[PDB]
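Fold and contact review
So the chains spell out like this:
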Amino acid sequence: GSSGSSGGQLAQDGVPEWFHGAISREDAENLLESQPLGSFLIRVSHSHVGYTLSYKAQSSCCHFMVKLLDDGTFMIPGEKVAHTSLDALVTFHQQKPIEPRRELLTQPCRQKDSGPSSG
C-alpha cells in the first residue's frame, strides 16, 4: 500500500481513541472491519458492569468481556493478570494476548468521526 499519512496524534480532548464511549455491537465490528489486523478498541458495556475489549483477529473480530473487581481494578475472566484500568490493561495486552485468543494488539482504533467538540 502506497497511501499517504500525516503521522502523530493531535487531539483537543481528554479521551483516547480506543475509547468509543458507547457503540453498538455492529459499530465496533465495523470500526475494525475497515482497519488493519491488530486494530483494537473498547466500548462501555451496558449488559454487564465493566467493559468489553475487542480487536481485529486473523480469523475474525474477537470479543472479550471485562469485569470490574471490587478492588477497583479490571481483569478478564480467563487470564492470570489484572490492571487498574483499561489504560493499564490495553498496554499489557499489546504484549500479552488473551487466554483463549493468542492474538495480540498493535494500535488503538479510531472512531468513525472527527470530533469537532464534546457536544
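Looking at the entry header, you'll see solution NMR listed as the method.

**A few points about the nonpolar core**
By size, the foremost hydrophobic cluster in this structure holds 16 residues, and its most contacted members are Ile-42, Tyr-55 and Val-66. Every element with two or more residues in this core is listed here: β1 (40-44), β2 (51-55), β3 (62-68) and α2 (86-93). If near-sequence neighbours (up to four positions away) are discounted, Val-66 is found in contact with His-48, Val-49, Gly-50, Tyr-51, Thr-52, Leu-53, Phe-74, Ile-76, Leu-86 and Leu-89. One finds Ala-28, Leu-31, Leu-32 and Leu-41 within the second-largest nonpolar core, a separate group that totals five residues.

**Looking at the pairing of β1**
For β1, a buried count of four out of five residues is recorded, marking the element as mostly surrounded by other parts of the structure. Alignment of β1 against β2, held across five bridges, turns out to be antiparallel. Looking at the pairing, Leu-41 lines up with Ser-54 of β2. What sits between the antiparallel neighbours β1 and β2 is a turn of six residues, in which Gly-50 has the positive phi angle 130°.

Cut-offs used in this document
Residues numbered from 1 in each chain as written, not as in the entry; some residues may be left out. Heavy atoms only, no water. Core = buried A, V, L, I, M, F, W, Y, C linked by side-chain atoms within 4.5 Å. Buried < 20%, exposed > 50% of the residue type's maximum accessible area, 1.4 Å probe, protein only. Helix = DSSP H or I, 4+ residues; strand = E, 2+ residues; numbered from the N terminus. Contact = heavy atoms within 4.5 Å. Pairing = 2+ DSSP bridges.

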